[PDB]
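Order-wise, the sequence lines are chains f and h.
So that you can map any letter, position 21 of the first sequence is 806 in the entry's author numbering, and since no number is skipped, the others follow by simple counting.
So that you can map any letter, position 11 of the second sequence is 551 in the entry's author numbering, and since no number is skipped, the others follow by simple counting.
All remarks here apply to the structure that follows.
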Amino acid sequence: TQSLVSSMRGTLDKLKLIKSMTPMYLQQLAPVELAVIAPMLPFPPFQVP
Amino acid sequence: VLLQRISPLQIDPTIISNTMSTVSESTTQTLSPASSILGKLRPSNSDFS
Numbered sequence: 786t787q788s789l790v791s792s793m794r795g796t797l798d799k800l801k802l803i804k805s806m807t808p809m810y811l812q813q814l815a816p817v818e819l820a821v822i823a824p825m826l827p828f829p830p831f832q833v834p
Numbered sequence: 541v542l543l544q545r546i547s548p549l550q551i552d553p554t555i556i557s558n559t560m561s562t563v564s565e566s567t568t569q570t571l572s573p574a575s576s577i578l579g580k581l582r583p584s585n586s587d588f589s
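Here you go:
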């Protein structure tokens, strides 16, 4: 129905423009925190590319 | 009955109910296609002979 189509468009747009601070946090600040913590672990990191 | 004990096919009528519960329609309409089709078929707890 036409009413549902317009409602779905409105809901999707507001999900796209949500004011969430997480994605920027994961790019600029999260790697720094892991770098500081890493030397202090009992089990040092073990990684593959 | 001999076919019943060896066949691996099971008739579960809840499949129809689940797919019919997500039909978009207005509640101010005199006729409802989703409810009418459920009214016509209506076979549960039977033998399916």
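Don't be surprised by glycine CBs; every beta carbon is placed ideally from N, CA and C.
Query, Result
"Continuous alpha helix (DSSP H) stretch holding h:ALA574: start and end", "573-581"
"Segment contact flag, the segment 560-579 of chain h with the segment 819-827 of chain f, C-beta cutoff 8 angstroms, min 3 pairs", "no"
"Candidates h:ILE555, h:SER547 and h:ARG545: closest to h:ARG582 by CA position", "h:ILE555"
"Backbone CA spacing between f:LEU814 and f:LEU797 [nearest angstrom]", "28 angstroms"
"Whole-angstrom distance between f:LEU800 and f:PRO827, CA atom to CA atom", "41 angstroms"
"Beta-carbon gap between h:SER575 and h:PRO553 smaller than 8 angstroms", "no"
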